[PDB]
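Note sheet for the following structure.
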There are 2 protein chains.
Amino acid sequence: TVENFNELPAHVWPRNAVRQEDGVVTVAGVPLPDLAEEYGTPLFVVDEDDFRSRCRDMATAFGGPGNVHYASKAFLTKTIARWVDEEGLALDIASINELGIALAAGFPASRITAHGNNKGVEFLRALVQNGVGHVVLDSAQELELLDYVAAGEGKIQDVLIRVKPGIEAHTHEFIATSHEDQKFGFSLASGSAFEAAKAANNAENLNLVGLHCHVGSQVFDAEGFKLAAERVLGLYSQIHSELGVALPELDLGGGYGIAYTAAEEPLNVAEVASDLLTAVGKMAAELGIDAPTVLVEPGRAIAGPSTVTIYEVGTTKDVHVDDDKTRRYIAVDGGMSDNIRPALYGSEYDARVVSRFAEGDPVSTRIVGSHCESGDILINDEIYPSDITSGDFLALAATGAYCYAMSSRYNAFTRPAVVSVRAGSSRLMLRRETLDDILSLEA
Amino acid sequence: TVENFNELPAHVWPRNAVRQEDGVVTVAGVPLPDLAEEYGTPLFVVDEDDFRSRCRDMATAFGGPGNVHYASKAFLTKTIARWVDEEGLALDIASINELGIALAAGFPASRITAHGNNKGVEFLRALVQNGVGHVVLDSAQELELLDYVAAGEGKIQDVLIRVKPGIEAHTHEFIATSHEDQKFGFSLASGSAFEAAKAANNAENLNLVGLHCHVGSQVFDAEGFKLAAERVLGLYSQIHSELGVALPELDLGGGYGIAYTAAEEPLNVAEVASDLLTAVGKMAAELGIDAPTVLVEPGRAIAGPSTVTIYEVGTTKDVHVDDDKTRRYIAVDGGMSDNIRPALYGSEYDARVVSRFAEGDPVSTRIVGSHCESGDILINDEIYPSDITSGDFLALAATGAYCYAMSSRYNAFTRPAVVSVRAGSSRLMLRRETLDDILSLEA
Ligand SMILES: *Cc1c(COP(=O)(O)O)cnc(C)c1O
Ligand SMILES: *Cc1c(COP(=O)(O)O)cnc(C)c1O
């Protein structure tokens, strides 16, 4: 109905977003239509306090800022690095260039944890040389090469070992196997995780501080994580009783969910954190071991909800699908270049006109981008007002995670600008790419 | 078997690729390992004569190089535009920046055909002011707006109108429907393509020269194209007999296929073009109309096979999939950021070691990239020798189309270098990105 489309689901949109009485949406007091006209569309707009409030919600819930690592895979700039730094969080990195961005923004290396399934020797040297907090080991080969690079330098390197406990946790279900057929870490079940722990114990230039796992995607309760944790704590016990070693940390990954659409419930960190910590505690007690410090690695659940993407509506048409059955197609000025996720995973997004109220009769609508392929589809099948039209600004919610980071130059489109908002003003974070940027790779 | 892996299927790999007798693969006389060591991995290597010789195969098959548009969306630089220029081909463009690249290469505007489902007023003006040969009209709104823009300037702009005939042509089949539920153009069966040709004729500042359709993907015979052509020419006949207009041109789009893996047959363009042009002549004559000049718009089939992507192998491990059964994971230093197509579309690629012969026992193997998510998978499930190892150079064939254009900076990976080779020497086309490219969007 027209009513529902003119609302703004608070649990999806950014915390400081508001539908004004004229139909305009503001984020931190700044009208979205004014940002679009000042910076051009498409536009990524980041609610800065929203980002920070999700850092603090995470921090409270897992017992302090330094047990929460921000997964920079979701979105990383110098600005974001500094926000994360200021809130006292840890930072997850996964390539030499992400490390580069972090160091360039002043981010202390001792609060950096380093992931990667295929870390080269250049990347390792840089990590050890800058005295990074943790290196998370993927393979026997990384383990041996990290030892040589550590010995080659002064240093001893705090490491975690990635373990596959055989749990894959989703929104409505988790799936349990003996082994995970995937490229990361060591199997728990073949003993291979235990032999990696042994080898890192023995290594003179590595200090083993705990195990890591990552089992979740868009998770809203703790039950998959509890079963992951039980299994991994079986291994903390085997390590304790077979090697005598106590492990201070347990790193349980991210995969914490956010609501993308009005029907989905928002995440409740505090409940999820309360259930999981408690369970760890009872489990460590039952096994006769020290309850390790739980570390977590939210990407999506910190960066995601803070950000929207504004497009300008261009072409509209009624496309025949049978003899008098039509579907309304709305073209916007970006597409799969700035949001690849509906195409790649089937992900559904909430869209709203943020320039006005709609009055049109609701009809079956598809939002498409401006690229010359079918499949460049942002919203597949919804019932939206039929007076959405050329010159309206339309935004999608929850584009702060993965979208910008997965953006392409398909059809030579320029990566969009990222602007941040706070206390009624807007700061440019990332300028819009230009045709000159593209052409400069040819000089 | 190991013997099959050590071959180089000629029909897949660039035309000037050879397996030397030490196992090293050369393209246009340049050993691929020397390029890897010279310009870093990952590397796109383009066999320039291959690219040219496919321009020539198309040109001979469709009756002169002016009838063939190269579909820029596959891959476009100033260098590619210059080659298309020199070979005598038209160039189909889909955005204002693909136009900009072409014009900065000095590519003649009168040989440019412009596409787009949501052409803005800036873009239309650039096109009209530079005097592009054709604008392909996608909606009633672009038509009226292109008429206005053309009035504003001196001119009468030549146009084609995109038509959806209800045909979707694939490798082993075609699918025929009365309407096409997709974003582009006007239905044949509703009457809306007729109304559109009626309005383009009428327009004072538009000259209607033909229809356009694009029906195919990875097509190897003319059956689907033929039926698409039958249906569209039925509209040529209706136009002549209800408006008295004769249309000189007919653009049948691209969608011509290339062999990606060894089991596939290569395209026979000579035979496919003969069968289609012959049928078009027979249908035109049966309908009592002039036989239009047939235009075609290959992308994949000009650019795909000319190019390979070289990687360095990093990490290797046997990954347990249940208690007794393993799968060999080989990681390489790029991934979904330089080739999104296995993940996005499920596309298979052929992979070979290009630095030496392999001797090892053949085992179930999966090739993965270096990004932190499962599903960053280049080759899902093949059987390759078990001595493939760290420091080997591995290459995928047929990466000349859609791969570089769809690359992203996920995990802040830099876009790879693109090198062309000809007559035993190598030329840099696109420099590798750096961290300073990534940081510069903050400054
Ligand atoms: C994927 C991943 C994350 C975060 O995933 P979200 O769904 O964004 O929480 C964190 N750490 C590692 C190592 C990962 O691979
Ligand atoms: C995709 C497309 C083509 C060519 O596709 P290939 O499969 O690379 O031949 C040509 N014209 C238009 C308008 C397109 O959208």
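Derivation of every value follows stated rules applied to the coordinates shown; laboratory data play no part. Virtual Cβ from ideal backbone geometry, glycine too; neighbours counted across all protein chains shown.
Taking 7 Å steps out from each Cα toward its Cβ at B:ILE156 and A:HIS170 produces label points 6.0 nm apart.
For the protein assembly as shown, the normalised intensity computed at q = 0.04, 0.10 Å⁻¹ comes to -0.19, -1.16 (log10 of I(q)/I(0), Debye sum over alpha carbons, equal scatterers, no solvent). Computing FRET efficiency as 1/(1 + (r/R0)^6) for A:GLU7 and A:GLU271, where r is the C-beta to C-beta distance and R0 is 25 Å, gives about 0.45. Taking every DSSP helix (H) stretch of at least 4 residues in chain B, weighting each as -39,500 (n - 2.57) and dividing the sum by the residue count yields a mean residue ellipticity at 222 nm of -9000 deg cm²/dmol. In a Gaussian network model over chain A where Cα atoms closer than 10 Å are linked, find which of A:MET58, A:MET336, A:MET283 has the largest mean-square fluctuation. Largest GNM mean-square fluctuation: A:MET283. Working note: Debye formula, equal point scatterers on the alpha-carbon atoms of chain B, no solvent; log10 I(q)/I(0) at q = 0.11, 0.12, 0.14 Å⁻¹ is -0.89, -1.02, -1.27.
Among the GluC sites (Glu not before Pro) in the range A:337-435, those placed in a DSSP loop whose Cβ has at most 13 other Cβ atoms within 10 Å are A:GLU359. Cα centroids of the range A:276-326 and the range A:369-435: 19 Å apart. In this rough spin-label picture, where each label sits 7 Å from Cα along the Cβ direction, the A:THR326-A:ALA263 distance is 2.7 nm. Mean sequence separation of contacting Cα pairs (under 8 Å, at least six apart), scaled by the length of chain B, corresponds to a relative contact order of 20 percent. For the range B:3-112, what is the Kirkwood hydrodynamic radius in Å, using each pair of distinct C-alpha atoms? This gives a value of 15.7 Å.
Take every pair of alpha-carbon atoms less than 8 Å apart whose residues are at least six positions apart; their mean separation over the length of the range A:48-304 yields a relative contact order of 19 percent.
Would you please give the FRET efficiency between A:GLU442 and A:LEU243, computed as 1/(1 + (r/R0)^6) with r the Cβ-Cβ distance and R0 = 41 Å, to the nearest 0.05? Approximately 0.10, to the nearest 0.05.
Would you work out if the range A:254-353 is rounded, prolate or oblate? Take a ≥ b ≥ c from the square roots of the eigenvalues of the alpha-carbon gyration tensor; rounded if a/c is under 1.5, else prolate when a/b is larger than b/c, oblate otherwise.
Since a/c reaches 1.5 and a/b is larger than b/c, the shape of the range A:254-353 is classed as prolate.
Taking Cβ atoms as reference points and 12 Å as the exclusive limit, the residues near B:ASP85 contribute a net charge of +2, counting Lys and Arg as +1 and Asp and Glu as -1.
Across all Cα pairs in the range B:346-443, the calculated P(r) in 10 Å bins from zero up to the longest distance comes to 12, 36, 34, 16, 2, 0 percent per bin. Between B:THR177 and A:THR434, the C-beta separation translates, for a Förster distance of 35 Å, into a calculated FRET efficiency of about 0.25. Semi-axis lengths, largest first, of the ellipsoid equivalent to the range A:48-304 are 26, 24, 16 Å, with √(5λ) applied to each eigenvalue of the Cα gyration tensor. Across the range A:186-239 the C-alpha pair distances fall into 5 Å bins from zero in the proportions 4, 17, 26, 21, 15, 10, 5, 2, 0 percent. Shown here are the Rg and Dmax of the Cα trace of the range A:147-223, at 15.3, 48 Å. Most fluctuating residue of B:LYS164, B:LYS78, B:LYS282 in a GNM of chain B with Cα springs under 10 Å: which is it? Top of the fluctuation ranking is B:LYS282. For the range A:99-122 versus the range B:145-194, the spacing of their alpha-carbon centroids is 50 Å. Per the Debye calculation on the range B:317-370 with a single equal scatterer at every Cα and no solvent contribution, log₁₀ I(q)/I(0) for q = 0.20, 0.26 Å⁻¹ amounts to -0.93, -1.18.
Convex hull volume per residue, computed on the Cα atoms of the range B:21-63, equals 90 Å³.
Could you work out the relative contact order of the range A:58-185? I mean the mean sequence separation of Cα pairs under 8 Å and 6+ apart, divided by the number of residues, in percent.
Working: 193 pairs, mean separation 21.7, N = 128.
Answer for the range A:58-185 is 17 percent.
Under 5 Å between amide hydrogens, built in the peptide plane, is the criterion, and for B:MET429 it picks out B:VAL418, B:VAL419, B:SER420 among residues at least 5 positions away or on other chains. For a modelled paramagnetic label at A:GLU37, 7 Å from Cα along Cα-to-Cβ, the residues of the range A:288-332 in reach, with backbone nitrogen under 20 Å, are A:309-314.
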